[PDB]
Each structure stands twice: as C-alpha cells, then as structure tokens.
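We begin with a single chain expressed as structure tokens, specifically the form deposited in one PDB entry.
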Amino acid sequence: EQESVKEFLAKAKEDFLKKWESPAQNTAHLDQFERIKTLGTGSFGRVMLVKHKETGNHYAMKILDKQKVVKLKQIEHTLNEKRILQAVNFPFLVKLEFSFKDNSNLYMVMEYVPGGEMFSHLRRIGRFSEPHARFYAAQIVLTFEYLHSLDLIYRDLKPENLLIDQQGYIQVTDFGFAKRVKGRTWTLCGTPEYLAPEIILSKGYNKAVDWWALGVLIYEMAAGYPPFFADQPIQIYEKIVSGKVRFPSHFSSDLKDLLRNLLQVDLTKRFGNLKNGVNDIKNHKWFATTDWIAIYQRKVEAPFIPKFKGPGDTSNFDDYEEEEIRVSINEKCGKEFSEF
C-alpha cells in the first residue's frame, strides 16, 4: 500500500541525518583533511577533493584567500555564496556540509560529486540528443523556479557549473555571483557567451537574465556551441544584442520556438518573465514529454551516467596545477569576515 513511500522517506531521512551528523560544526574545524586533487581554480582560491581524516568522508573544499578577496573588494560576493548555500535546499543544488576559516583562508566544504562537470562530457561527446538536453533543462528550470521564488538570481549558468552525480542528475555549483534581488541589480558578472543583453548594455537587470542563460545553455547542449559564438568578445556582444540567432538544421521546430522565446532581447516578451512566468516554459510543446514531478523526485532514468570508480577517483575531472596551502601565524582580515 502506501507504506513503501514511508520507507523511501525514512531512507532519504537517514542519508540526510548521516550527512548532517558526520560533519564538524561551522567554524570549528581546522586543516584536518587529506588534500587529494584540485578540481578548479579562480582569482582567489581553488576547489579541492578532500578527505576528512577522522571520518574518511570525502568533500569538495573551496579554499579562498581572505587577503586577495579584500584587495579586490569582493567580500560581499563570497559572503553571499556562503550564506545562500547554507540557506537554500533543493535536489539540484550542491550541498554545503560545513564551513570554517583560519588566519588566511575561507573554507566552504561541499558534497563531493565525482561525475565531473557537464562541460567535459559535452566537449568529449560533441552534443546531446534533444531528450538528453531536455533532461538537463527540466532540472535547470525547476532550480530556477525555486531560486526565483526565493528572490534569488543565479547569474552564473554555464556548462562548467553543472556537476553530474552518480545517478546522472545535475548539481548546480558556484554561487559567488548569486544575489537576493528585489527589483533591479547592476553588477557585471557571468561568462561572455551567456550574458543577457541587459547586462551587456549596463542597464540594470532582474531575474530574467537567468532564463536568457537557460536558452543559451539549451542551445549549446543541443548544438555543441553557444548561439552567439565568435572569436572576439566584442563580436559576441554584438551578436547577443543583435536580436538574431541562427539554429542548426537538425533542431526540431519545438526546440527552435522555445529558444526563440527564451532568447528574447525584449524583457517584456521573454519566457519566464511574462505573466504566467515559468509556466510559459513548463507548458511548452518541447517539454510535453517531461514529467516535472518525476524529474524533481529523481525518478526519471537519466540518459547518461558517468563511469565512476569510488569516492576519490577524479578521472571525470580536469587536471590543474597543485599548490601547497600555507596558513599564516597571524590572522588576516578578521573583522572583514566576522560573519563568515
């Protein structure tokens, strides 16, 4: 009868409890970790596959230099990433298990997702079939619906920020540019191929940019390249603001229509931003075969599952220059990160 859904609830609840109960409390841990590999780098730090010595559990630890963040005046964005990650809760959002900080660095310890970024699989495959891209796009749509319901804008949608877990589902990562926006915001951020026209025009924008990004994402996933690709960034921006997009011949009619409605330069005509909102996308003919409830419950069988070999295997990840992380004997920028 209905007793099996109780067993499913109990199993998911035990997984959640274990994942809560083994991590250290916030700002209580020290470098008590074996550092295995760098999974990505940025202006102020890196993300490392990491093994907690006392537990043997593996995580992805984002390490950030406090001095570098302060010198480039990016305190608010890093605090935003930590606060948003610790405040949200959704199946397709990466989980922040715990966090700490020392004399030099900020540490955001997240769940480890061994399947790698979607960008790697897309580059090695060439492009996804339209059902594959639809499987990914439905999760992105639900995630944006949740986030926008929370008045949050993601602002960093790109194939590199979408990890694939062992079940083939998406884990959205990198929230350094996510921001709780009531009304408008003006910050220039995001990769050039995914920038919305209102961002390029420096006009002030809202959550609609996310939906624009989705269009781009879908296009890329279905074509193997972004819609406004060019060699120089200036031509990329010219093509983005031009209001013109050419689709490959293999694109179906429904996909072309959806993309034409998502890539609307006019904010007042872009899907996701209209009166019906996200429903305008969820009721589109391209998504007619999509069981939104089943996708949310992760009951749909994925079209692609990465080949794994246990936690600690990083074959699905690119290789980066490994560095030694040193912590000063003196505390840097303490009052600046008192809320972290």
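What we label the rigid core is the largest C-alpha set whose atoms superpose within 1.5 Å from one form to the other. Residue indices: 1-based, along the sequence shown.
Although not depicted, the form solved in complex with a partner chain is the subject of the following passage.
Enquirer: Examine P233 and determine whether its closest non-hydrogen atom to the partner chain in the deposited bound form is within 4.5 angstroms.
Expert: It does: once the partner chain is placed as it appears in the deposited bound form, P233 has a heavy atom within 4.5 Å of it.
Enquirer: So in the deposited bound form, does any heavy atom of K182 sit within 4.5 Å of the partner chain?
Expert: Looking in the deposited bound form, residue contacts with the partner chain do not include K182, since no heavy atom lies within 4.5 Å.
Enquirer: Does the partner chain get within 4.5 angstroms of any non-hydrogen atom of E331 in the deposited bound form?
Expert: The answer is no: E331 has no heavy atom within 4.5 Å of the partner chain.
Enquirer: Can you tell me if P91 lies within 4.5 angstroms of the partner chain in the deposited bound form, counting non-hydrogen atoms only?
Expert: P91: no, not in contact with the partner chain in the deposited bound form.
Enquirer: Just one of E220, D165, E198, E81 has a heavy atom within 4.5 Å of the partner chain in the deposited bound form. Which one?
Expert: Result of the distance check: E220.
Enquirer: Of the residues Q74, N261, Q86, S129, which one places a heavy atom within 4.5 Å of the partner chain in the deposited bound form?
Expert: Only one listed residue qualifies here, and that residue is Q74.
Enquirer: Does each of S149, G215 and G277 have at least one heavy atom within 4.5 Å of the partner chain in the deposited bound form?
Expert: Zero of three within 4.5 Å in the deposited bound form.
Enquirer: Heavy atoms within 4.5 Å of the partner chain in the deposited bound form: which stretch in 307 to 315, 293 to 301, 65 to 73, 269 to 277 meets that?
Expert: Only one stretch passes the 4.5 Å heavy-atom test: 65 to 73.
Enquirer: Might you check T27, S315, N276, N283 and identify the only one whose CA position changes by 2 Å or more between this form and the one not shown on rigid-core superposition?
Expert: The only residue crossing the 2 Å threshold is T27.
Enquirer: Pin down for me whether the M110-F16 Cα distance shrinks or grows in the deposited bound form relative to this form (closer or farther, change of 3 Å or more).
Expert: Residues separate in the deposited bound form, at least 3 Å farther apart.
Enquirer: By 3 Å or more, the Cα spacing of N316 and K19 differs in the deposited bound form; is it closer or farther than in this view?
Expert: Compared with this form, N316 and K19 lie farther apart in the deposited bound form.
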